[PDB]
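>>> Experimental coordinates follow, after the sequence.
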Amino acid sequence: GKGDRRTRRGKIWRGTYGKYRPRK
Amino acid sequence: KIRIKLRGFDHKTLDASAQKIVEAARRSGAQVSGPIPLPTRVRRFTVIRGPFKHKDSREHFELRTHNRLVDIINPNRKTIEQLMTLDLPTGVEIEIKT
Amino acid sequence: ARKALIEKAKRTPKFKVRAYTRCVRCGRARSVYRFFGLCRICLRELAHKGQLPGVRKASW
Amino acid sequence: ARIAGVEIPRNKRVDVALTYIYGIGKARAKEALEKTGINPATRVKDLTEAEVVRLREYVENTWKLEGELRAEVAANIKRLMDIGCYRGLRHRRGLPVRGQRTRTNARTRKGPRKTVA
Amino acid sequence: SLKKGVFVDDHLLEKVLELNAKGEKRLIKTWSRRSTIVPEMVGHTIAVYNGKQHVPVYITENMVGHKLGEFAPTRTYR
Amino acid sequence: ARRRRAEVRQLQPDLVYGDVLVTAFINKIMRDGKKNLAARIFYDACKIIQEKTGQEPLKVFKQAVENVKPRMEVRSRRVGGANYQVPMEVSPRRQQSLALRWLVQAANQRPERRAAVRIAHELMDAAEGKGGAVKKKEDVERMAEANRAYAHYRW
Amino acid sequence: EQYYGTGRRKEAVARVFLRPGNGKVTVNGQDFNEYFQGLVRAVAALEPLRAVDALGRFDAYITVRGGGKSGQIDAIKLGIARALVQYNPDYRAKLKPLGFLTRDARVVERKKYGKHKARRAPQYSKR
RNA sequence: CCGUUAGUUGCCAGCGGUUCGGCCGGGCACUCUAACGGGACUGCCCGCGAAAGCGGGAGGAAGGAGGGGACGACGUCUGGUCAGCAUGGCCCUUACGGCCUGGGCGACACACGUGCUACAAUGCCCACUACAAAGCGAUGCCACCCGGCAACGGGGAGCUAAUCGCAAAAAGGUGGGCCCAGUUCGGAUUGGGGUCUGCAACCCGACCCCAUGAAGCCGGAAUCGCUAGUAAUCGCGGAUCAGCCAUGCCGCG
Ligand SMILES: [Mg+2]
Ligand SMILES: [Mg+2]
Ligand SMILES: [Mg+2]
Ligand SMILES: [Mg+2]
């Protein structure tokens, strides 16, 4: 499942903001 | 001297106000460089027209924000009186910065 | 679950774990905006109305 | 000459003929010709006939590769079968392991379509 | 990917650490899953749900980084 | 495409040579929206026959062109209650456009590893009459003038 | 002491500045000869000179501002002629009839909803 | 397209200091910005068809609708939506109401829809060297310094926003390699190893490393969009949000 829970595949479907991305 | 911008979603309410401020000093004290039109900022919202399946047929809205700026070159102790005196403006917000 | 789910979206129970949104009038789940707090529906039926300042209909 | 003892990819460019070994690709070629100071921009059809073996006992010691690799591969799996975990079942049932969708695709764990209608 | 720090649910240690004041038994009936297979617990059997029932398994040394929720299959097709 | 007979686009002529014909071909080789990357091929090929012989790469270009522009050709058209094909002459503008697209598509077929090689050859090999762009040209006339007997439509 | 030209095509901005020099033509520094090294339309940016038989004559300061590369060139092919006419106005009938003194505006089409690249509608499936 | 208004972006286009940067003094034509306005009406002329109209042509930026947006009549489809909402009527009210843990819509012998990379020399890697238009963000955006062989971690400049930043744009140009190979083309699968957000990442996240490197040699019957900056190609943002379905959508070049 590209961009979901428990794999590693690819993120051009899940995004990234708030995901693990820098906040403050 | 003291700094003010002018922010309104409608230029008509903003330009007039921007033309309104100039009255409370430029005809009260030294000349003022006229309003400084910032590039207008938009909040571009397009929404699906339909309430269900028809995903296309969408329609678009904008919550434009017109920003303009006015700088006085000589803050005159009497003109500032004329400022706060103008307690009849419109539904527009403004800020005063130093 | 109409009048049963929005109430949940108030007490804030478990950790930052179930913190979602909720339209006001329409009370709808998703398609809600954090700007208006309105579903894509509960916004139009006020946008076209006019109770949405500066929210004209776009054109360009 | 007799290069990688096991397999032999002669008459090609070294660095890349390296890649065609169960366990070699690109950066493996980097540290190699940057630890054994042997210049990569060479062939094998005409080089110093001594630079053949200096890559052996370096490449052929610290880590594992070729037939000395699919063990670990074969290792970390038979257990998972005999362990009863759901992941172990994936490899068996012709299914994927990094959980994809099987309503479509997953041919790479299958290979053929079978229709049946 | 379990970064700087690993975990395991709370009442699990309630339901699994009392199993060692004397190196105790094996029977259990609980409700957690997402926990981490505990290297300090390769000597019991753990009740793990699937959807309608708890299906356990004898724990084995090799099981460490994997999760307790994998030994309890859910979608009965296989 | 029924009522008014449209407008032919008029093109930007070449810079190097003085003819629309040149640009009329470079844009044709252009792929993927890559324009400068095509004039290289052409002009790299130009800078070969300059070295090949005393043949100017333009004053020859046009001859294989007139060796690729055919004369009369067929056209599929429905009559009666089935499907046949009808021949006719060839529109001169179409005759030109037909030539170019004939020319370029002959490139990739030629066994040539680089680029402009695929260009000049089919050009040169058609400068005397032994090129692929000639074969597919005459074949139409071979498929056309063999149908002289269809003398009633014709128009 | 000089004449200015404006040149905007494909929303590009390239301020054009003609002077009566000899042979200096650069862009923001760099060098137009070698700023644009490797082009094809490169000669086409200076056309209103050999068409007026006056390339070996004047000089030009150049400022660009954003815009597309070809749009940066095609706009220069304007501000040249979009200058000079101030005190050099007889430069017309050997230009406008030939057809240079025009913007040739071709601004893009915006993307529209229910489509893709502005006009390519999605695949259509009656089935 | 242009005029004016106005100068915290921009400017040596003219000058004075420059660590030779628009950094400064300085100035508002130019750049750009956003308010009102002139402008294009077959207006004129050479002809054609009486007529509307047509081949023009000049001037003009554009000429015959200049090019896109939004605007969708009477009415059919007893069309779609009780699941955005309101609501008649029937029903459920010790539950057909409500809370939690876990599981499921991602399940797979299959098949279709819409897209994604390609199956390569106009080609593919590595290094170096410029141009955006729009959009967004203080309890947030993240420069920059160090650490990290990398996603990233500690410190922290600026910015409540034409200033600060996201932000490095790719195709482009130079230069070397690869000289047709199932390839230095493609990344599916999979072993091991990581950082990165939140009570918690197996089914059911990325990015990165050592690889493993599958079919893929241009595709039948058919069939799809597209008449101009459109088609193709290349890349840049937004919208819901503790995380979360964002290669789909809506915008920009
Ligand atoms: Mg114009
Ligand atoms: Mg109906
Ligand atoms: Mg790719
Ligand atoms: Mg990297």
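Arrived safely, thanks for sending. Numbering: from 1, shown residues only, chains lettered A, B, ... in the order given. Ligands and ions are numbered 1, 2, ... in the order given.

>>> So the closest residue to chain E within chain B: helix, strand or coil?
Chain E sits closest to residue B:53 of chain B, with a gap of 29.9 Å, by C-beta to the nearest C-beta. All C-beta atoms are positioned from the backbone trio N, CA, C, and that covers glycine. Using DSSP: H, G, I helix; E, B strand; the rest coil, the structure places residue B:53 in coil.

>>> ok, now residue F:76?
strand.

>>> Skip the chain neighbours and tell me the closest residue to it.
residue F:85 (4.7 Å; C-beta to C-beta, 6 or more residues apart in numbering or on different chains).

>>> which residues touch the helix or strand encompassing residue D:88?
Here residue D:88, judged by DSSP states H and E, is contained in helix D:86-92. Residues outside helix D:86-92 that contact it (C-beta atoms under 8 Å, 6 or more residues apart in numbering or on different chains) are D:77, D:79-82, D:95-97, D:99, E:66, E:70-71, E:73, E:78.

>>> do stretch B:86-95 as well
Against stretch B:86-95 from outside (C-beta under 8 Å, 6+ apart): B:4-8, B:13-14, B:16-17, B:20-21, B:23-24, C:53.

>>> Okay, buried residues for it please.
For stretch B:86-95, a neighbour-count test (16 or more other C-beta atoms under 10 Å in any protein chain shown) marks B:92, B:94 as buried.

>>> Report the backbone C-alpha coordinates of it in PDB.
Output of stretch B:86-95 as PDB, limited to C-alpha atoms (Å, rounded to 0.1, in the frame of the first residue of the first chain):
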ATOM      1  CA  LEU B  86     -12.000  59.600  12.200                       C
ATOM      2  CA  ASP B  87     -14.000  57.100  14.200                       C
ATOM      3  CA  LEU B  88     -16.400  56.700  11.100                       C
ATOM      4  CA  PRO B  89     -14.600  54.300   8.800                       C
ATOM      5  CA  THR B  90     -15.900  51.000   7.400                       C
ATOM      6  CA  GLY B  91     -15.700  47.300   8.000                       C
ATOM      7  CA  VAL B  92     -11.900  47.300   7.400                       C
ATOM      8  CA  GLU B  93      -9.000  46.700   9.800                       C
ATOM      9  CA  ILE B  94      -5.700  48.600  10.000                       C
ATOM     10  CA  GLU B  95      -2.500  48.500  12.100                       C
END
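
>>> mind checking how far the one residue in chain G that gets nearest to chain B is from residue B:44?
Nearest residue of chain G to chain B: residue G:114, at 3.5 Å (C-beta to the nearest C-beta). Computed as C-beta to C-beta, to the nearest Å, the residue G:114 to residue B:44 distance reads 17 Å.

>>> max-length helix in chain B?
helix B:11-23 (DSSP state H).

>>> Next one: that helix, is it in contact with chain C?
No - on the criterion C-beta under 8 Å from any C-beta of the partner chain, helix B:11-23 is out of touch with chain C, staying 10.0 Å away.

>>> Pick out the residue of chain F closest to chain B.
Residue of chain F nearest chain B, by C-beta to the nearest C-beta: residue F:1 (27.3 Å).

>>> residues near residue E:74, how many?
For residue E:74, the count of nearby residues is 12 (other C-beta atoms under 10 Å in any protein chain shown).

>>> ditto for residue F:82
6.

>>> Let me see the ranges of the helices in chain F.
F:20-29, F:36-52, F:61-66, F:92-105, F:116-128, F:132-144.

>>> among those, which is the most enclosed?
Mean neighbour count (mean count of other C-beta atoms under 10 Å in any protein chain shown) peaks for helix F:116-128 among the helices of chain F, with a mean of 21.

>>> for that one, the distance to its chain's centre please.
Relative to the chain's own centre, helix F:116-128 is displaced by 12 Å; criterion: C-alpha atoms, centre = their mean, to the nearest Å.

>>> Ok, stretch E:36-53 next?
Relative to the chain's own centre, stretch E:36-53 is displaced by 2 Å; criterion: C-alpha atoms, centre = their mean.

>>> now do stretch D:93-104
In terms of C-alpha atoms, centre = their mean, the centre of stretch D:93-104 is set 23 Å apart from its chain centre.

>>> which parts of it are buried?
Under 16+ other C-beta under 10 Å, the buried positions of stretch D:93-104 are D:96, D:99-100.

>>> just the strands in chain E please.
Assigned by DSSP state E, chain E shows no strands.

>>> What residue in it comes nearest to chain B?
residue E:75 (29.9 Å).

>>> Pop the domain breakdown of chain D in here.
D:1-71, D:72-117 (CATH domains of a matching chain).

>>> which one of the contacts of stretch B:86-95 sits closest to residue G:59?
residue B:5 (42.9 Å; C-beta to C-beta).

>>> check contacts around the closest one.
For residue B:5, counting by C-beta under 8 Å, 6+ apart, the contacting residues are B:38, B:67-70, B:94-95, B:97.

>>> What strand or helix carries it?
strand B:3-8.

>>> is it true that residue G:52 touches residue G:93?
No - between residue G:52 and residue G:93 there is no contact under C-beta atoms under 8 Å: 11.2 Å.

>>> For those two, indicate the residue with more neighbours.
For the pair residue G:52 and residue G:93, the greater number of neighbours falls to residue G:52 (17 against 8), based on other C-beta under 10 Å.

>>> So that one: helix, strand or coil?
Residue G:52 - assigned by three-state DSSP - is coil.

>>> Give me the distance between it and residue D:105.
Relative to residue D:105, and taking C-beta to C-beta, residue G:52 is found at 64 Å.

>>> Contact partners for the residue of chain G found nearest chain A?
The nearest approach of chain G to chain A comes at residue G:116, 17.2 Å away (C-beta to the nearest C-beta). Contact partners of residue G:116, counting by C-beta under 8 Å, 6+ apart, are residue G:122.

>>> ok, now which ones touch the residue of chain A found nearest chain C?
Residue nearest to chain C within chain A: residue A:18 (11.0 Å; C-beta to the nearest C-beta). Going by C-beta under 8 Å, 6+ apart, residue A:18 touches no other residue.

>>> what's it sitting at in phi/psi?
phi 70, psi -20 (degrees, to the nearest 10).

>>> which stretches of chain E form helices?
So, for chain E - with DSSP H - the helices run E:10-17.

>>> Next to RNA strand H in this structure, residues from it, please.
E:1-4, E:7, E:9, E:31-34, E:49-51, E:65-70, E:74-75, E:77 (C-beta under 7 Å from any atom of the strand).

>>> Quick check on the residues you listed: which are buried?
Buried subset of those (neighbour count, 16+ other C-beta under 10 Å): E:9, E:32-33, E:49, E:66-70.

>>> Now render those as a markdown table, adding distance to chain B.
Formatted as a markdown table, these follow (distance: C-beta to the nearest C-beta, whole Å):
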| residue | distance to chain B |
| --- | --- |
| E:9 | 42 |
| E:32 | 40 |
| E:33 | 37 |
| E:49 | 37 |
| E:66 | 41 |
| E:67 | 38 |
| E:68 | 42 |
| E:69 | 36 |
| E:70 | 38 |
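
>>> wait, is residue G:4 part of a strand?
Yes - assessed by three-state DSSP, residue G:4 belongs to a strand.

>>> okay, now it: neighbour count?
With other C-beta under 10 Å as criterion, residue G:4 counts 14.

>>> Can you give me the distance of it to chain D?
From residue G:4 over to chain D the distance is 54 Å, taken as C-beta to the nearest C-beta, to the nearest Å.

>>> That residue reaches residue G:85, doesn't it?
No - at 11.1 Å, residue G:4 does not count as touching residue G:85 under the criterion of C-beta under 8 Å.

>>> From one end of stretch B:53-62 to the other, what's the distance?
Stretch B:53-62 has an end-to-end distance of 24 Å (C-alpha to C-alpha, to the nearest Å).

>>> again, but for stretch G:110-123
Stretch G:110-123: ends 20 Å apart by C-alpha to C-alpha.

>>> So that stretch, near RNA strand H or not?
Yes - counting by C-beta under 7 Å from any atom of the strand, RNA strand H is contacted by stretch G:110-123 at G:110-123.

>>> for stretch F:124-141, same thing?
No - against RNA strand H, stretch F:124-141 shows no contacts by C-beta under 7 Å from any atom of the strand, the least distance being 13.9 Å.
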